[PDB]
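# Fold and contact review
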Amino acid sequence: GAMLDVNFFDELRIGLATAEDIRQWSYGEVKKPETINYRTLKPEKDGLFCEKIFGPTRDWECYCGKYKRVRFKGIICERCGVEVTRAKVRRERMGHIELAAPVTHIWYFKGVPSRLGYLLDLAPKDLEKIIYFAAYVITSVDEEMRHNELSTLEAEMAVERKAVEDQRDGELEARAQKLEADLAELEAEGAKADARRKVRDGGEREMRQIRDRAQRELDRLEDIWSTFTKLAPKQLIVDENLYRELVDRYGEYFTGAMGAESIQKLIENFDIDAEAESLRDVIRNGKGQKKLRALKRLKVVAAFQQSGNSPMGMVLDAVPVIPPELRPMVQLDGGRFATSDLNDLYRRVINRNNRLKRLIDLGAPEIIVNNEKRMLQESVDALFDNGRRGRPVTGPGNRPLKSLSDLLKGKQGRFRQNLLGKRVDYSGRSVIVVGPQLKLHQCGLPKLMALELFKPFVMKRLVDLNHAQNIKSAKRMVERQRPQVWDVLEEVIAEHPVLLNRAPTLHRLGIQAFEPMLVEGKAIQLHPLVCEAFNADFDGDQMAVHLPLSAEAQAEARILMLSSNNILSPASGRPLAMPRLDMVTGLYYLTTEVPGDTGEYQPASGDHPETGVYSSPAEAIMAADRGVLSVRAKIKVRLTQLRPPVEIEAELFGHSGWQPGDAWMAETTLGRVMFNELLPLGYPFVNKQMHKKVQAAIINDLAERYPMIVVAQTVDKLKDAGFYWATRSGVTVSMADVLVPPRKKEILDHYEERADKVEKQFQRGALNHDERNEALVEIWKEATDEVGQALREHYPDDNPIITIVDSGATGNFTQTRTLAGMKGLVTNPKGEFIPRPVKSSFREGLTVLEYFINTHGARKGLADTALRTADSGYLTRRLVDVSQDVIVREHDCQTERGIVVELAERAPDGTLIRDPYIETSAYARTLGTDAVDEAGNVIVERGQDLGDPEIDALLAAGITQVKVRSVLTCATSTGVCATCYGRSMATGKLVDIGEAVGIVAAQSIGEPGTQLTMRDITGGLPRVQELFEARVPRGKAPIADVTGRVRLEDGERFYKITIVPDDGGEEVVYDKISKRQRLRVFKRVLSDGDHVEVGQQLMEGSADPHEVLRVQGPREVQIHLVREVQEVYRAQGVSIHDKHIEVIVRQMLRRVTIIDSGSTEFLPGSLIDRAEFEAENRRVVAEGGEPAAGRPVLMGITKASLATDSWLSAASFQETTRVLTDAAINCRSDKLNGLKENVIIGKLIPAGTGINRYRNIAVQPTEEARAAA
DNA sequence: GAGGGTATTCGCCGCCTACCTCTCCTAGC
DNA sequence: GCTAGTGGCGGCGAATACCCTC
RNA sequence: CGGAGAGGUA
Ligand SMILES: [Mg+2]
Ligand SMILES: [Zn+2]
Ligand SMILES: [Zn+2]
């Protein structure tokens, strides 16, 4: 189509290659297994590197050397024969090998299912025997001629059989006469009875040998006749002697062969139309296992019939040879070559082919030629796919060689290693340290790394400023780091954004852009407020630096990716660039009121006025400086630049407003005034202690009510203040600060008494081992709880450890109890708790037998963490692949469908109680219908963001359920619409028209997978994986399918649950339910004669998603999956909005399984996209309506990912070989419409700024501005 | 003998990202 | 220096090997 | 800088 490659690509088509195509690609034949000569280091003629085939190895030079100049361009030498051109041609030209005998392609013979087996209806064992010269096969037979000749051959064989058996009978009669002669011989004298019996035994055993000879000969002839009369094509005849007799006796009437030539002949004499008709007939009739087999056979046969591709491409008469530059051979230090693996395999193929050709030409017996053909077959199989059949062809070191099929597969294959990822220029790396002085949009960049990244710009500026005369002088000056380059570098790097990235890149904010500023040193200075987004600490981490070059790239880095523009988490909307650790401690210390402190407010005592009231915060600061006042002492202050709270403002000023400069008396501490002076001017005064949650709420309010620049400046100011006041907060660690509970011994003795009583009861006969273990795990659990409570009560409120934990900065109280109380219960290699506790704390020091088990547990945890981090990445990759083409495409589909969210179900006594999980279900959603209460007017209009004010108004009005728009019900053909998706969690506004929401959903789901532990029902990451893979749950719990009463039965190892429907049409029963599982409690436990719902879950466990779809419908399975995943994630304390899970679940429900094909071309049991199915049915009903009937189906992420319309995307994901062979057989054409495909071919992705409406903007000055010039 | 089921059994596919340092590379005539 | 060649495990689907009547 | 192996960092 487009020759080598030229822009305006339209499609990428694949198919089977014929021998004619292979010989057309070829520039010449390879017929010598010689790579390079050692005496001259030049390619050998007709070898794997021959220059007459693959082109010159030097620019405009010939092998002989007659022409060695650019003038002799395009002329083929008359002596050497190598065309004079550039040396890059060796990367493009291919050769070929002319095989002496036909060979099969291993992909279409050995790959399960064997496609040759389906095409020819031969079992894989028959193909194994025939292909590798182990059994003959009948290729043809002449029926009419053989029948007409049989009409006489029957009599002829009868005649010869009669002749043979009559000769045998004559021989036996002669033997009888000889027996009579022997009788006379032994009767001539006095013989022995035993001697008579011995001679009789000899005679009769010879006679029986004759009888057995007759029987065996007749069996041979009868078998030959039976084989011939019912002989048919595609029959294997082992026992070469039988086939030899068949051909000798009946040379004509048929043709038998062996090897790949026989398969080629069979494919030649094979009409596809008749086979397809027979398969379709067997499908429409018959039913059963035959129909099941015919379905697959027809799949392959229709694949070969619909297209204009012949099936004769499975047998190869020639082998292409890859260009030399793609399989180079290098030389080790000294001059010894390290040959590649491809060269060795090509060499073996060439050797075997040449020797086979020699034997064939010279003449040889059948056996040797067949052996050589088999070895050639095996050599070509090893070349194409090494190790698929038989032992791998190994090289030195007993390691299997690489094949052509290993260059495309795996984590190190072509796709995932070279096309989906690359190594790039203008990039560096070093260690990261902390720069507190930076701002949220700045980073410190080492001078030596900046000089190298910005080398061309510095050279250009050096030439411009007359420091060098040409570019070479400037380049040398930069290489030598002369003192004149730093001054120009300072100005060159000004306002040039730089991208920073830290691996692993779990979510979007792992890459962010900053404004570089040169620093002294070799480590990068990172802002403290981006560590959470990067997940970076400063114990040795390293980061990578990338430099955008073009104007568009700089614009993207400066607008889309700037660090100060990404404050909120895209997964949940919570702020990520907010104070933590030291900053939280400092702010918590500052904004704390300690009763009875210095300079505290004092009411009038009847002899002096009130004490502790100040006329301004400046006076309070002066008093604090003098040491008369404390920053944490309650006072009365007059404030004029701080806005009063809502209550004070309403009851003090009214209507008009605060109008900065109005004085009001505040009753707070000085630290709170200092904290409130760090917030925007119009923000109401906050009088509270700043726990981390209070700060998070403040930041969320600022983000949702102010522009992001104000938020960035506010977080910078809070960082400064927190770091300043954490130094003066007086938090340290000393063994005097680690207080021990004052009565640990008493509690331990009290519970040891209980343990002793239980142990003695066990010693007596009252309870078995398990009861004792459970009782001892209890008692000790309560002892640990009581010790923790005593420890908490003992500690003062201002202890550094208590302050750090309670401030929300970091840590929890379990660690505090372990450090100062007692560790408690440990776990056995199976996970169960040991009945013996660890009564020592790390302040006292564990003993040697309490340390051994502790180390056991710690190492077990570390290993589990490693396995979990390995397991989460695979799920993230699958999630990304399944939903990579879900992109916002419209603004509104104007659909009337939606979903209902509970939104604070009501109380029984009568009251509205807010649903706990409301921010991940109801917020950031658009209304689908107007909300009305008790026939009143609408409370919230259709198409409302439905934020906090809207939800509060809805709750006040007394309405619980509201219908909202969801992607599950979006009507857009491709992608989704902005209104259905709703608010963007990162931005806080309606999502844009180019936003790629599938990748965001995948990254949001997959990122918190390590926190979510991998803990007979699955309960963690395995549970999530089985939910997303649509597998059978494991502990499957049956669900009813028709409302009615139940006749529960009680028994051992089985329960009989019978559904007696209200209609009574039929009764369903479940009898295999093992007694291990309990019975679910719904509405009291399930009991006999109890009415149940249609979708009720009878037992206790996890219901499979496939039954709920078959019984209740798609919406029910959607809500089921969303609820299950959300609960699995909530159990660990992770908040993800439901829209991401909805995106994934939408991607999982997109196809329908066919039942009746009708006039349509869809085969039964095929998965067809719902839109395509509906379009085909609507087209068909117009003309001779015979519409197909289909049913909804649920597919896992892997199946939905591998059932794509692009063979390139599917091959770059998994199972490259199977996908490629199927695509080649079906002759699939790839329309390059997708993110991964455009990434592979190096084109602008169809999302974001690469969309047509954005990339085609036209810019021009206004007429007035143009005139003003 | 001949349709209807098997009914395990075996083979193939999958198993996180980024970086740094160092040693060795065929046997026989 | 040159020439030749008996320490992974789960999930899924096709395939033999096996009756089971019939 | 082609391949194999060993060790280490986050
Ligand atoms: Mg670290
Ligand atoms: Zn020449
Ligand atoms: Zn929509």
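Residues numbered from 1 in each chain as written, not as in the entry; some residues may be left out. Chains lettered and ligands numbered in written order. Part of a larger assembly, values for the part shown. Heavy atoms only, no water. Residues with missing side-chain atoms left out of burial classes, pairs and counts.

cryo-EM is the method the PDB entry lists for this structure, together with a resolution of 2.97 Å.

What counts, and what does not: UniProt positions are given in the numbering used here, feature names are shortened, and annotations may be inferred rather than shown by experiment.
Per the PDB entry, chain A carries the name DNA-directed RNA polymerase subunit beta' and comes from Mycobacterium tuberculosis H37Rv. Per the header of the deposited record, the title is "Mycobacterium tuberculosis RNA polymerase elongation complex bound to inhibitor N-aroyl-N-aryl-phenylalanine amide (AAP)-SO2". Quoted verbatim from the Sequence similarities field of UniProt, the annotation for chain A is "Belongs to the RNA polymerase beta' chain family."

### A few points about the coordination of the zinc ion (ligand 2)
Basically, it comes down to this: Think of the donor list as every N, O and S atom within 2.8 Å of the metal, or within 3.2 Å for Na, K and Ca; water never makes the list, so a site can look incomplete. Each label reflects the angles at the metal, where four donors whose angles all fall between 85 and 135 degrees are tetrahedral, four or six donors whose opposite pairs open beyond 155 degrees and whose other angles stay between 65 and 115 are square planar or octahedral respectively, and the rest are irregular. Numbering of helices and strands runs from the N terminus, with a helix taken as a DSSP run of H or I at least four residues long and a strand as a DSSP run of E at least two residues long. Three labels apply to residues, based on accessible area from a 1.4 Å probe with only protein chains included: buried if under 20% of the type maximum, exposed if over 50%, partly exposed otherwise in between.
Note on the zinc ion (ligand 2): its protein donors are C62 (SG), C64 (SG), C77 (SG) and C80 (SG). The metal-donor distances range over 2.3 to 2.4 Å. Here the zinc ion (ligand 2) is ringed by four donor atoms whose angles at the metal span 39 to 109°, and the overall shape comes out irregular. Each donor residue of the zinc ion (ligand 2) lies on the same chain, and together they follow the pattern C-x1-C-x12-C-x2-C. Here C64, found in the loop between α2 (51–54) and β3 (94–104), pairs with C77, found in the loop between α2 and β3; they are 13 residues apart in sequence, far enough to count as distant. Judged by its relative accessible area of 37%, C64 is partly exposed.

### Concerning the UniProt feature "binding site: Zn(2+) 1" in chain A
Here is the rule: By definition in these notes, contact holds between two residues if any of their heavy atoms fall within 4.5 Å.
The UniProt record marks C62, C64, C77 and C80 with the feature "binding site: Zn(2+) 1", using the residue numbering of this structure. Spanning 19 residues, the named residues form one tight spatial group whose C-alpha atoms are at most 8.8 Å apart. Ignoring anything within four residues of it in the chain, the contact list for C64 reads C77, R79 and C80. Residue classification places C77 among the buried residues on the basis of a relative accessible area of 5%.

### Topic: the protein's contact with RNA strand D
We count it as follows: Residues are classed as near a molecule or strand on a simple rule: at least one heavy atom within 4 Å of it. We define a polar contact as two N or O atoms separated by no more than 3.5 Å, with the added condition that, inside protein, one atom must be a possible hydrogen donor and the other a possible acceptor, whereas residues neighbouring each other in sequence contribute only through side-chain atom pairs. The residue classification treats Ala, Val, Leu, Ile, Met, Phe, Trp, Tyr, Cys and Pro as nonpolar and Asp, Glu, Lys and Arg as charged. All others, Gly included, are polar.
Close contacts around RNA strand D come from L332, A338, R399, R502, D539 and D541, and that covers them all. Backbone atoms, meaning sugar plus phosphate, form 75% of the atoms of RNA strand D positioned within 4 Å of the protein. Contact between RNA strand D and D539: a sugar or linking oxygen at 3.4 Å from a side-chain N or O atom of the residue. Between RNA strand D and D541 there is a distance of 3.0 Å, counted from a sugar or linking oxygen to a side-chain nitrogen or oxygen. Residues of the surface near RNA strand D, tallied by class, amount to two nonpolar, no polar and four charged.

### Some thoughts on the nonpolar core
What counts, and what does not: The term nonpolar core refers to a set of buried residues drawn from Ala, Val, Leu, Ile, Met, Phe, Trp, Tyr and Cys, joined through side-chain atoms within 4.5 Å.
Core analysis: the biggest nonpolar cluster contains 74 residues, and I97, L116, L120 and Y346 have the highest contact counts within it. The contacts of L116, once residues within four sequence positions are left out, are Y108, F109, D121, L127, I263, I267 and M314. Listed in part, the 73 residues of the second largest apolar core include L547, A666, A712 and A721.

### Focus: the domain arrangement of chain A
In many reports, interface size means the accessible area that the parts give up when they come together. The criterion, for reference: The split into domains, and so the bounds of each, comes from an automatic or database assignment of domains. Put simply, buried area is the surface a 1.4 Å probe can reach on two separate parts but cannot reach once they are joined, added for both. Within this document, salt bridges are pairs made up of a side-chain nitrogen of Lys or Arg and a carboxyl oxygen of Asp or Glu, the two lying within 4 Å of each other.
Structurally, chain A comprises domain 1 (581–728) and domain 2 (743–866). Look at where the C-alpha atoms of domain 1 and domain 2 centre, and you get two points 43 Å apart. On the side of domain 2, six residues touch domain 1, which itself brings six residues to the contact. Sorting the residues of domain 1 by area buried against domain 2 places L581, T585 and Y588 first, and these three jointly supply 61% of that buried surface. At the junction of domain 1 with domain 2, the criterion picks out zero salt bridges. Sort the elements by how many residues they give to the side of domain 1 that touches domain 2 and helix α21 (residues 582–590) lands first, with three residues. Residues of the side of domain 1 that touches domain 2, tallied by class, amount to three nonpolar, two polar and one charged.

### Comments concerning helix α7 (residues 193–229)
Our working definition: To estimate the expected span of a helix, count its residues, drop one, and scale the result by 1.5 Å.
In this model, α7 (37 residues) spans 53 Å end to end at C-alpha, consistent with the 54 Å of a helix rising 1.5 Å per residue. If you check which residues of α7 are buried, you get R200, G203, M207, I210, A214, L221, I224, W225, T227 and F228.

### As for the coordination of the zinc ion (ligand 3)
Every protein donor of the zinc ion (ligand 3) is listed here as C893 (SG), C970 (SG), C977 (SG) and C980 (SG), and their distances to the metal cover 2.3 Å. In this structure, the zinc ion (ligand 3) is coordinated by four donor atoms arranged in irregular fashion, with angles at the metal of 78 to 129°. We note that the donor set of the zinc ion (ligand 3) lies within a single chain, spaced as C-x76-C-x6-C-x2-C.

### Some thoughts on the sheet that holds strand β30 (residues 1167–1169)
Keep this limit in mind: Between any two strands, pairing holds if DSSP finds at least two bridges. Helix axes are fitted to C-alpha atoms over the stretch in contact, other axes to C-alpha atoms as well, and angles between N-to-C directions run from 0 to 180 degrees.
The three strands lie next to each other as β30-β29-β31, forming an open sheet whose pairing is antiparallel. Two strands in the sheet have a free side with no partner beyond their single neighbour: β30 and β31 (1189–1192). Going from strand to strand, the sheet's axes swing by 45° on average, the running direction of each strand aside. Looking at chain direction, strand β29 (residues 1151–1156) and β30 are connected through three bridges and run antiparallel. The residue bridging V1152 from the neighbouring strand is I1168, located in β30. Sheet strands in contact with helix α39 (residues 1170–1182) are β29, β30 and β31, and its direction is about 85° off that of β30.

### What to know about the sheet that holds strand β2 (residues 26–29)
Taken in spatial order, the three strands make up an open sheet running β2-β3-β7, and their pairing is mixed. Sheet topology places β2 and β7 (315–321) at the edges, where each strand pairs with a single neighbour. Averaged over all adjacent pairs, the angle separating strand axes in this sheet is 45°, with direction ignored. With two bridges connecting them, β2 and β3 associate as parallel partners.

### Observations regarding the environment of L41
Turning to its location among the elements, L41 is positioned in the loop between β2 and α2. The class of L41 is exposed, set by a relative accessible area of 60%. Other than its neighbours up to four places away in sequence, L41 contacts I36 and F337.

### Quick look at the protein's contact with DNA strand B
In the vicinity of DNA strand B there are 16 residues, among which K411, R416, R423, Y874 and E1215 approach most closely. Atoms of DNA strand B within 4 Å of the protein belong to the sugar or the phosphate in 68% of instances, the rest to bases. The contact in question runs from a phosphate oxygen of DNA strand B to an N or O atom on the side chain of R416, over 3.5 Å. At a separation of 3.3 Å, a phosphate oxygen of DNA strand B approaches a polar backbone atom of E1215.

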